[PDB]
Amino acid sequence: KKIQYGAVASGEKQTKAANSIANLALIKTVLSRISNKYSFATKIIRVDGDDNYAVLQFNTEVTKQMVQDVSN
Amino acid sequence: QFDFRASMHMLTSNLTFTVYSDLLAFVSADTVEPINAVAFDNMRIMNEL
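Residues numbered from 1 in each chain as written, not as in the entry; some residues may be left out. Chains lettered and ligands numbered in written order. Part of a larger assembly, values for the part shown. Heavy atoms only, no water.

Visitor: Got a minute to help me understand the side chain of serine 20 of chain A in this structure?
Guide: Residues and elements named next belong to chain A. Counting through the fold element by element, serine 20 comes out in helix α1 (residues 15-34). Its relative accessible area of 13% is what places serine 20 among the buried residues. If we skip the residues at most four places from it in the chain, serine 20 touches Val47, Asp48 and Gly49. (Helix = DSSP H or I, 4+ residues; strand = E, 2+ residues; numbered from the N terminus. Buried < 20%, exposed > 50% of the residue type's maximum accessible area, 1.4 Å probe, protein only. Contact = heavy atoms within 4.5 Å.)

Visitor: I tried to follow α1 of chain A on my own but got confused; where do I start?
Guide: For an α-helix, the turn length of 3.6 residues means that residues three or four places apart are oriented alike. All names here are of chain A. An ideal rise of 1.5 Å per residue puts 28 Å on 20 residues; α1 measures up with 29 Å between its terminal C-alpha atoms. Of all the positions in α1, only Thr15, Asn19, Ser20, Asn23, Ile27 and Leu31 are classed as buried. End-on view of α1: buried residues confined to an arc of 120°, all on one side of the axis. α1 presents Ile21 and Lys28 as exposed residues on the side facing more than 90 degrees away from its buried surface. For α1, the elements touching its buried residues are β1 (40-47) and β2 (52-58). (Expected span 1.5 Å × (residues − 1). Arc of directions from axis to C-beta.)

Visitor: What exactly am I supposed to notice about the pattern of salt bridges here?
Guide: Side chains carrying opposite charge are able to pair once their charged atoms draw close together. Residues and elements named next belong to chain A. For the structure on display, the rule yields 3 salt bridges over all chains. Across the pair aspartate 69 and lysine 37 runs a salt bridge whose closest N-O atoms are separated by 3.8 Å. With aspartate 69 in helix α2 (residues 64-71) and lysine 37 in the loop between α1 and β1, the pair connects residues that are 32 residues apart, well separated along the chain. The salt bridge partner of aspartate 48 is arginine 46, with a shortest N-O separation of 2.8 Å. Judged by relative accessible area, which is 52%, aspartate 48 ranks as exposed. (Salt bridge = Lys/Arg side-chain N within 4 Å of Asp/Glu carboxyl O.)

Visitor: What is the right way to look at the pairing of β2 of chain A in this model?
Guide: Within a regular strand, the side chains alternate between the two sheet faces. In the sheet, β1 of chain A pairs with β2 of chain A via 7 bridges, with the strands oriented antiparallel. Paired with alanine 41 of chain A across the strands is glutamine 57 of chain A, a residue of β2 of chain A. (Pairing = 2+ DSSP bridges.)

Visitor: Would you mind showing me how to read the packing of aromatic side chains here?
Guide: Two measures describe an aromatic ring pair: the distance that separates the ring centres and the angle between the ring planes. In total, this model carries 4 aromatic pairs over all chains according to the counting rule given. Look at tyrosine 20 of chain B and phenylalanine 26 of chain B: their rings are 5.8 Å apart centre to centre, the planes differ by 80°, and that puts the pair in the edge-to-face class. For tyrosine 20 of chain B, a relative accessible area of 57% gives the class exposed. Within the aromatic cluster, the residues linked to one another by ring pairs are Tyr38, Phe40 and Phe58 of chain A. (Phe/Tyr/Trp six-rings, centres within 6.5 Å; stacked < 30°, edge-to-face > 60°.)

Take it as geometry only, folks, not as evidence of what the structure does.
So, in C-alpha coordinates, the structure goes:
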(Lines give C-alpha, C1' and ligand atoms only; values in the text may rest on other atoms or scores of the structure.)
Protein backbone atom coordinates (compact mmCIF):
# COMPACT_ATOMS: atom_id res chain seq x y z
CA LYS A 1 0.00 0.00 0.00
CA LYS A 2 0.96 3.61 -0.68
CA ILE A 3 -1.26 6.32 0.84
CA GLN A 4 -1.56 10.01 0.01
CA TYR A 5 -0.20 11.92 3.03
CA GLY A 6 0.65 15.52 2.15
CA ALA A 7 1.43 16.78 5.66
CA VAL A 8 4.14 16.86 8.36
CA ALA A 9 5.81 14.47 10.78
CA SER A 10 9.28 13.75 12.14
CA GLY A 11 12.10 11.89 10.42
CA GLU A 12 13.43 15.23 9.17
CA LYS A 13 15.98 17.84 10.16
CA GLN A 14 13.15 20.43 10.22
CA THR A 15 10.29 18.89 12.25
CA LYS A 16 10.91 20.33 15.74
CA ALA A 17 11.36 24.04 15.08
CA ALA A 18 8.95 24.01 12.17
CA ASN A 19 6.20 22.39 14.24
CA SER A 20 6.91 24.95 16.97
CA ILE A 21 6.61 27.75 14.39
CA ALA A 22 3.33 26.41 13.02
CA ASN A 23 1.81 25.97 16.47
CA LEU A 24 2.99 29.49 17.37
CA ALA A 25 1.32 30.93 14.28
CA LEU A 26 -1.82 28.88 14.95
CA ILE A 27 -2.19 30.01 18.54
CA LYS A 28 -1.41 33.61 17.59
CA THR A 29 -4.11 33.37 14.91
CA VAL A 30 -6.70 31.80 17.22
CA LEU A 31 -5.94 34.27 20.01
CA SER A 32 -7.08 37.19 17.81
CA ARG A 33 -10.68 35.82 18.07
CA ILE A 34 -11.09 35.66 21.84
CA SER A 35 -10.38 39.41 21.62
CA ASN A 36 -13.81 39.81 19.95
CA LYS A 37 -15.37 38.87 23.32
CA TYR A 38 -12.69 39.58 26.00
CA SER A 39 -10.07 42.23 26.83
CA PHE A 40 -6.70 40.73 27.70
CA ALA A 41 -2.95 41.29 27.39
CA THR A 42 -1.05 38.24 26.23
CA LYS A 43 1.90 37.92 28.62
CA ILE A 44 3.34 34.60 27.42
CA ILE A 45 2.89 31.81 24.91
CA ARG A 46 5.14 28.76 24.87
CA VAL A 47 5.44 26.11 22.19
CA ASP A 48 7.64 22.99 22.21
CA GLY A 49 6.62 21.10 19.14
CA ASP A 50 3.40 19.28 19.83
CA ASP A 51 2.26 20.93 23.12
CA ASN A 52 1.29 24.52 23.93
CA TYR A 53 0.26 26.80 26.79
CA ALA A 54 -0.67 30.49 26.76
CA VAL A 55 -1.14 32.70 29.83
CA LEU A 56 -3.34 35.75 29.55
CA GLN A 57 -4.21 38.57 31.93
CA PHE A 58 -7.48 40.51 32.23
CA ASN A 59 -8.90 43.94 32.99
CA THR A 60 -10.82 42.33 35.90
CA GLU A 61 -11.05 39.28 38.16
CA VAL A 62 -11.68 35.76 36.84
CA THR A 63 -14.92 33.72 37.04
CA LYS A 64 -16.05 30.17 36.34
CA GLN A 65 -18.24 31.21 33.43
CA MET A 66 -15.47 33.09 31.64
CA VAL A 67 -13.12 30.07 31.81
CA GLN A 68 -15.91 27.80 30.48
CA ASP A 69 -16.87 30.17 27.69
CA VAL A 70 -13.22 30.76 26.76
CA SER A 71 -12.77 26.98 26.54
CA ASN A 72 -15.84 26.59 24.32
CA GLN B 1 -55.09 38.91 79.87
CA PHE B 2 -55.06 38.71 76.10
CA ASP B 3 -56.58 41.82 74.52
CA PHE B 4 -56.71 41.09 70.81
CA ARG B 5 -57.14 44.68 69.66
CA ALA B 6 -54.55 46.21 71.99
CA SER B 7 -52.07 43.40 71.19
CA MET B 8 -52.16 44.19 67.45
CA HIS B 9 -49.47 46.32 65.85
CA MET B 10 -48.36 47.35 62.39
CA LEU B 11 -44.77 46.52 61.50
CA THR B 12 -43.04 48.68 58.93
CA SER B 13 -40.31 47.62 56.51
CA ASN B 14 -38.65 48.40 53.22
CA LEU B 15 -40.05 46.80 50.08
CA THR B 16 -37.74 44.62 48.00
CA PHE B 17 -34.12 45.57 48.48
CA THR B 18 -31.09 43.45 47.62
CA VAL B 19 -27.98 43.13 49.78
CA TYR B 20 -24.56 43.01 48.15
CA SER B 21 -21.75 41.89 50.44
CA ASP B 22 -18.70 42.24 48.25
CA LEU B 23 -18.33 45.73 46.84
CA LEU B 24 -15.21 45.74 44.58
CA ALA B 25 -16.19 42.80 42.34
CA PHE B 26 -18.04 45.34 40.18
CA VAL B 27 -14.73 47.21 39.67
CA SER B 28 -12.48 46.27 36.77
CA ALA B 29 -8.98 47.65 36.97
CA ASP B 30 -5.88 47.93 34.84
CA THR B 31 -2.34 49.29 35.04
CA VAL B 32 -0.40 51.59 32.77
CA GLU B 33 2.60 50.00 31.09
CA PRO B 34 5.05 49.67 34.01
CA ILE B 35 7.97 51.25 32.12
CA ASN B 36 5.95 54.51 32.14
CA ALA B 37 5.06 54.24 35.81
CA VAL B 38 5.40 57.38 37.89
CA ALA B 39 5.77 58.38 41.55
CA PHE B 40 4.39 61.24 43.66
CA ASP B 41 6.81 63.76 42.07
CA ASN B 42 5.41 63.27 38.52
CA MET B 43 8.74 61.81 37.42
CA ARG B 44 9.44 58.31 36.16
CA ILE B 45 10.88 55.45 38.21
CA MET B 46 13.19 52.81 36.69
CA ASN B 47 14.63 55.12 34.04
CA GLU B 48 18.42 54.89 34.38
CA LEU B 49 20.04 52.72 31.70
